[PDB]
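Worksheet: the structure to be examined is printed underneath.
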2 protein chains.
Amino acid sequence: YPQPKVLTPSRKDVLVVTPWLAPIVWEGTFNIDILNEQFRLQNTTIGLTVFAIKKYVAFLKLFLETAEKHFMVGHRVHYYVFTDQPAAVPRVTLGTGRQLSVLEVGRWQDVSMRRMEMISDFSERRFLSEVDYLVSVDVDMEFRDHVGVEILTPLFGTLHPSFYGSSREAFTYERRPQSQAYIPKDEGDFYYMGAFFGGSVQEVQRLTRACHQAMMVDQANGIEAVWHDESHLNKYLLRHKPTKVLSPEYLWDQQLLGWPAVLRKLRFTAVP
Amino acid sequence: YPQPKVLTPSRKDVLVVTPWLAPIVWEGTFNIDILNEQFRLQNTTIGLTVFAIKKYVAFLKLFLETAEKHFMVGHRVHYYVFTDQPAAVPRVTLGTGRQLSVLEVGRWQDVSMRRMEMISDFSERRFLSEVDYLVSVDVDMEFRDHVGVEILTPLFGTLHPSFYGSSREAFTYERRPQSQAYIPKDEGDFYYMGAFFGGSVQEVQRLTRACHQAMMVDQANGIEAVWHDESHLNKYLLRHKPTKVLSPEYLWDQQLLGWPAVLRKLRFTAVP
Ligand SMILES: O=c1ccn([C@@H]2O[C@H](COP(=O)(O)OP(=O)(O)O)[C@@H](O)[C@H]2O)c(=O)[nH]1
Ligand SMILES: O=c1ccn([C@@H]2O[C@H](COP(=O)(O)OP(=O)(O)O)[C@@H](O)[C@H]2O)c(=O)[nH]1
């Protein structure tokens with residue numbers, strides 16, 4: 001493979017490492033053949049969690065067919081579909097070493113807390129025996145390009161595609177000191193999107209347990225953070241900084257935002 | 001602290017991440033206040049090993065006085081001085097939470113294998129109960145600027161200051177297939193210097209055990225790698241890629257190489 005070049009930046013146009021030295025994952029920053037090897041040597045299994053409740057079951061067929069084409073291909077994958085409609089999960093043919101489980105789910109407050117509470121419950125009992133990493137994403141999405149082991153790390157979040165260019169003042173953090181998710185006006189590294197985060201099983205157990213326990217405190221006090229579990233994810237990732245950050249290549253909406261020059265690939269995008 | 005800037009590279013002139021997403025540590029890539037916090041929260045202790053054999057005891061006074069001014073200040077440090085002359089170790093006053101132990105050492109083949117064999121022995125029995133990370137450096141050096149927790153990671157090596165600009169063909173890797181340290185002409189990421197490497201205790205136990213066991217094989221076969229334990233360190237770090245790489249700011253010789261523009265700081269330098 002090509003020799004890395006010490007006196008040429010892998011990118012001239014974007015930050016590729018955070019000020020706490022976590023990589024920011026853009027095309028042109030990684031050699032996938034090296035990463036695939038390192039992860040295959042550990043026989044890595046990736047768990048992918050997705051919620052498909054009420055009408056969202058309609059997004060599963062394309063989400064799964066495209067995941068089969070672009071997500072962790074060559075590695076072991078276990079999809080966990082959380083749904084209120086097990087009979088509406090489509091039977092998608094899977095590649096070798098890939099499996100899918102359906103987890104049936106049973107008041108808008110529990111609906112707001114559902115993702116973090118359910119991942120926390122299942123992460124303890126046990127995603128922990130079944131996978132090495134857990135990745136949580138939204139279901140109204142499709143994979144268009146490679147999303148692979150470059151993202152794997154103890155803890156990651158993803159730059160929200162509407163905010164990667166913004167000053168922190170513009171970030172839609174929870175701004176009321178009465179909320180657990182409160183971030184003051186002068187703090188904040190990045191604005192992470194709730195639609196794509198993950199990490200090792202242990203770090204995901206920690207994060208979801210924290211967010212779930214924080215949301216319950218908010219509820220008991222009659223406040224709901226401006227962007228619900230996303231507000232709390234952002235507070236969590238401020239205090240416990242992610243070990244990689246994914247660029248917006250990993251979470252994009254082409255209808256809303258087009259295809260700007262700093263994105264060399266659009267890997268995982270909103271469905272219209 | 002300042003908000004990271006997504007659309008501005010932390011550096012426009014150098015690579016700051018390897019193609020396996022390990023940071024390459026240059027000035028302007030890290031915020032030390034954030035890193036100091038994360039490491040203090042874990043009460044991190046860093047072990048620093050240095051050999052001072054025969055006339056090299058003469059380098060210890062300046063090496064230690066300058067380490068006190070610039071190495072891991074604010075964190076716990078344990079110096080381990082390996083020497084054939086315990087009475088020639090100078091009594092240098094140490095800052096709080098810092099300690100020094102003298103380890104007395106007892107045929108040019110064992111001399112060649114000494115660093116890796118001795119660190120491996122002591123790393124097992126036990127640096128392992130005393131520190132969280134181990135850093136190994138040469139003693140004929142002085143600290144001139146900050147060398148701190150930005151370097152800490154499971155496994156690191158440092159770019160040799162004579163080779164960071166070179167194509168791999170120019171790297172003085174061991175080139176004879178009869179050596180354990182053999183690297184072919186078309187392989188190699190970087191040329192790491194034997195004078196500054198480290199990592200977690202476990203990863204240093206592994207690396208030194210590997211290099212020691214490889215050198216013995218070479219000896220039994222009547223070959224000595226062109227650059228001795230450095231040749232083997234380079235073979236090791238090719239097959240087990242470091243999780244951070246330090247730039248040549250961390251290992252420089254101003255007499256030989258001057259002060260080029262890509263070095264914003266000269267942190268740890270050769271003594272004339
Ligand atoms: O009735 C619902 C509402 C939400 N969701 C899940 O939670 C995510 C967040 O929903 P939303 O579309 O509101 O997020 P947005 O992309 O519009 O900000 C969805 O992708 C689904 O995975 C669901 O399954 N059923
Ligand atoms: O007689 C010796 C030879 C070597 N060393 C140690 O091993 C390192 C490597 O020595 P050398 O000066 O040859 O390395 P160089 O910087 O010249 O490449 C030295 O810094 C010392 O720490 C020592 O203590 N006594």
Side-chain angles (χ1 to χ4, degrees), chain A residues 9-18 22-33 35-36 46 48-52 56 58-75 77 79 92 95 98 133 135-153 156-166 170-172 190-198 227 230 233 237 242 244-272, chain B residues 4-9 17 19 21:
Chain A
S10 57
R11 293 287 292 251
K12 307 110 285 80
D13 58 337
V14 293
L15 188 61
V16 300
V17 61
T18 70
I24 308 184
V25 184
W26 297 95
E27 188 63 9
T29 63
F30 58 91
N31 178 308
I32 198 58
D33 295 320
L35 295 173
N36 276 333
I46 300 94
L48 184 60
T49 67
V50 64
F51 291 75
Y56 285 82
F59 294 112
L60 285 162
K61 180 173 189 289
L62 182 64
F63 174 90
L64 297 170
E65 283 171 342
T66 65
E68 284 298 302
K69 289 169 183 314
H70 294 295
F71 179 82
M72 302 293 171
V73 176
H75 305 270
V77 172
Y79 299 100
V92 172
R98 307 177 69 102
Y133 296 94
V135 176
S136 167
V137 297
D138 279 8
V139 68
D140 52 343
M141 298 294 293
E142 58 175 305
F143 295 87
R144 294 214 213 162
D145 210 328
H146 168 100
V147 170
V149 296
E150 77 286 351
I151 73 173
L152 300 173
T153 188
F156 71 87
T158 300
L159 299 180
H160 192 307
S162 295
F163 297 94
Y164 63 98
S166 307
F171 295 163
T172 59
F190 299 113
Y191 193 82
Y192 305 99
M193 185 163 200
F196 198 159
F197 63 92
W227 291 102
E230 173 176 288
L233 176 65
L237 291 176
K244 294 180 177 173
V245 175
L246 299 191
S247 64
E249 306 163 351
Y250 287 89
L251 208 58
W252 197 250
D253 185 334
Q254 194 185 185
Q255 200 157 78
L256 187 69
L257 300 165
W259 189 347
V262 278
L263 304 187
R264 293 178 182 185
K265 293 178 158 217
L266 303 181
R267 305 167 186 278
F268 185 48
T269 60
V271 170
Chain B
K5 266 296 122 170
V6 171
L7 302 169
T8 302
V17 61
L21 303 173

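Heavy-atom basis, side chains included; hydrogens, waters and symmetry copies ignored. Below, chain A is the first sequence line, B the second, and so on; all start at residue 1.
Between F143(A) and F63(A), the distance from one ring center to the other falls under 6.0 angstrom.
Here the side chains of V6(B) and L159(A) are in contact, with some heavy-atom distance below 4.5 Å. Side-chain contact check for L15(A) versus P4(B): some heavy-atom pair is nearer than 4.5 Å. At least one side-chain heavy atom of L7(B) sits less than 4.5 Å from a side-chain heavy atom of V262(A). In this structure the side chain of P23(A) never reaches within 4.5 angstrom of the side chain of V16(A), judged on heavy atoms.
The closest donor-acceptor contact from the side chain of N31(A) to the backbone of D33(A) lies under 3.5 Å. The backbone N or O of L152(A) sits less than 3.5 Å from a side-chain atom of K244(A), completing a donor-acceptor pair. Under the 3.5 Å distance criterion, the side-chain polar atoms of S136(A) are left unmatched by any main-chain donor or acceptor of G198(A). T66(A) places a side-chain N or O within donor-acceptor distance of the main-chain N or O of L62(A), the cut-off being under 3.5 Å. Judged purely by atom type and a 3.5 angstrom limit, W227(A) has no side-chain atom pairing as donor or acceptor with the backbone of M193(A). With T8(B) contributing its side chain and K5(B) its backbone, the two residues share no donor-acceptor pair below 3.5 Å. With hydrogens and angles ignored, the 3.5 Å screen pairs no side-chain donor or acceptor of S166(A) with any backbone N or O of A170(A). Between the side chain of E68(A) and the backbone N or O of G95(A), at least one donor-acceptor pair lies under 3.5 Å.
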Intermediate values then yes/no, side-chain contact (heavy atoms from CB on, under 4.5 Å), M72(A) and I46(A): CA-CA 8 Å; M72(A) 302 293 171; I46(A) 300 94; 3.8 Å; yes
Evaluation steps, side-chain contact (heavy atoms from CB on, under 4.5 Å), between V139(A) and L60(A): CA-CA 7 Å; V139(A) 68; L60(A) 285 162; 3.6 Å; yes
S162(A) and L257(A): CA distance, side-chain angles, deciding distance, side-chain contact (heavy atoms from CB on, under 4.5 Å) verdict: CA-CA 8 Å; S162(A) 295; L257(A) 300 165; 4.2 Å; yes
Derivation and outcome, side-chain contact (heavy atoms from CB on, under 4.5 Å), residues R11(A) and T29(A): CA-CA 7 Å; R11(A) 293 287 292 251; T29(A) 63; 4.3 Å; yes
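For the atom pair CG (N36(A)) and CD1 (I32(A)), the distance works out to 4.5 Å, reported to the nearest 0.5 Å. Atoms CG and CD1, from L35(A) and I151(A) in turn, are 11.5 Å apart once rounded to the nearest 0.5 Å. Taken to the nearest 0.5 Å, the OG1 atom of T158(A) stands 11.5 Å off from the CD1 atom of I24(A). Put simply, CZ on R98(A) and CG on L48(A) are 9.0 Å apart, with the number rounded to the nearest 0.5 Å.
For the pair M141(A) and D138(A), the tightest heavy-atom approach, listed with the atom from each and the gap, is CG-O, 3.3 Å. Summarising the geometry of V137(A) relative to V135(A), their closest heavy-atom pair is CG1-CG1, 3.9 Å, with the distance given to 0.1 Å. The two atoms that bring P248(A) and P161(A) nearest to each other are CB-CA, 4.2 Å, heavy atoms only. When all heavy atoms of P242(A) and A22(A) are compared, the pair lying nearest together is O-CB, 3.3 Å. Contact detail for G28(A) and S10(A): the closest heavy-atom pair is O-CB, 3.6 Å. Closest of all the heavy-atom pairs between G194(A) and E230(A) is N-OE1, 2.8 Å.
Using a 4.0 Å cut-off between a side-chain N of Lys or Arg and a carboxylate O of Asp or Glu, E65(A) and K61(A) qualify as a salt bridge.
In this structure, a donor-acceptor pair under 3.5 Å is present between the side chains of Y191(A) and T172(A).
Checked against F156(A) for a ring-ring contact (aromatic ring centres under 6.0 Å, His included), the options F197(A), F190(A), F196(A) give a single hit: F196(A).
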Distance-only check: which donor-acceptor pairs under 3.5 Å involve side-chain atoms of residues 263-271 of chain A, not counting sequence neighbours?
from	atom 1	to	atom 2	distance (Å)
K265(A)	NZ	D145(A)	OD1	3.3
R267(A)	NE	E249(A)	OE1	2.9
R267(A)	NE	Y250(A)	OH	3.3
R267(A)	NH1	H146(A)	O	2.9
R267(A)	NH2	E27(A)	OE1	2.8
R267(A)	NH2	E249(A)	OE1	3.0
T269(A)	OG1	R144(A)	NE	3.1

